[PDB]
Amino acid sequence: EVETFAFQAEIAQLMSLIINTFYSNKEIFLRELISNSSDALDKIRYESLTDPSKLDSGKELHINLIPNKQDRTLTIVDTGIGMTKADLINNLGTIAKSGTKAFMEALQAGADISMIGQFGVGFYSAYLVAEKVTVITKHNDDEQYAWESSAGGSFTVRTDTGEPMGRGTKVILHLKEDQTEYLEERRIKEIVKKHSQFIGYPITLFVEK
Ligand SMILES: Cc1cn(-c2cc(F)c(C(N)=O)c(N[C@H]3CCOC3)c2)c2c1C(=O)CC(C)(C)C2
């Protein structure tokens, strides 16, 4: 079954701001997603020091960037800690509510959209370039789930029947028609070099067939 949920008012407001505000510096979405992947990788690495069996679902700690011109998607894959069903529906959304309030207050005071990561809501910067975001995730303590939202105040959660991941997260960005530059190899390399050159995990930019 597919379960549909309403975003909390603050989150729906943040999504509308990201989608409707005129802001040309859209490239910052990639550093935000890579930062979340890096944080998830730090988490599983730290937990594995006390419990080595937490790496039975995969020892490799990496980030893959996969462009697909045919599907018009940019996928950010990590072998991080992943997210449980409770993380997807409640936990992260609860943390995001206070972060959103602080961010929108900072914007009113003169801060810009690029500072979004300091408020812990950098994931939502994906809506600067994507019309729809699909999140496939697998945490050691739960099943593989698919979260999805095209904004409009709702998101869906379902058990995923695609290729099993072992552990980690895939953020699938269904790009807006005018944002296809983020599928270009030299554009992605430029963005990674500018904003994500010191990430402590291998970042592999896949090339198109
Ligand atoms: C806030 C927030 C961060 N991430 C998010 C989104 C992500 F894709 C990741 C990731 N692991 O790649 C990630 N990692 C952190 C939690 C576990 O380790 C750090 C967080 C999400 C949110 C949401 O509100 C919606 C969501 C639950 C669909 C996604």
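Cβ placement follows ideal geometry from the backbone for every residue including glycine, while neighbour counts extend to all protein chains displayed. Coordinate-derived values only; no laboratory data.
Miscellaneous remarks
- Amide proton proximity set for residue 154, modelled H, under 5 Å, gap of 5+: 7
- Whole-number percent relative contact order across the range 25-89, with pairs defined as alpha carbons under 8 Å at least 6 apart: 34 percent
- Here's the picture: charge each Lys and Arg Cβ at +1 and each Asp and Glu Cβ at -1 in the chain, and of 83, 111, 94 the one pushed furthest to the positive end of that dipole is 111.
- Gaussian network model of the chain, Cα within-10 Å springs - most flexible of 185, 148, 163: 163
- Counting only Cβ charges, +1 for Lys and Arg and -1 for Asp and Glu, the dipole size of the chain around its Cα centre is about 420 debye.
- Dimensionless Rg over Rh [the chain; C-alpha; Kirkwood]: 0.94
- Residues in the range 60-76 that a label on residue 207 would reach, taking backbone N under 16 Å of a point 7 Å out along Cα→Cβ: 65-69
- Normalised by the number of residues in the chain, the mean separation of alpha-carbon contacts (under 8 Å, six or more apart) gives a relative contact order of 32 percent.
- 222 nm mean residue ellipticity, helices alone, for the chain (DSSP H n ≥ 4; -39,500 (n - 2.57); rounded to 500): -10000 deg cm²/dmol
- About the Cα centre, charge dipole magnitude for the range 1-62 (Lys/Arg +1, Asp/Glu -1 at Cβ), debye: 260 debye
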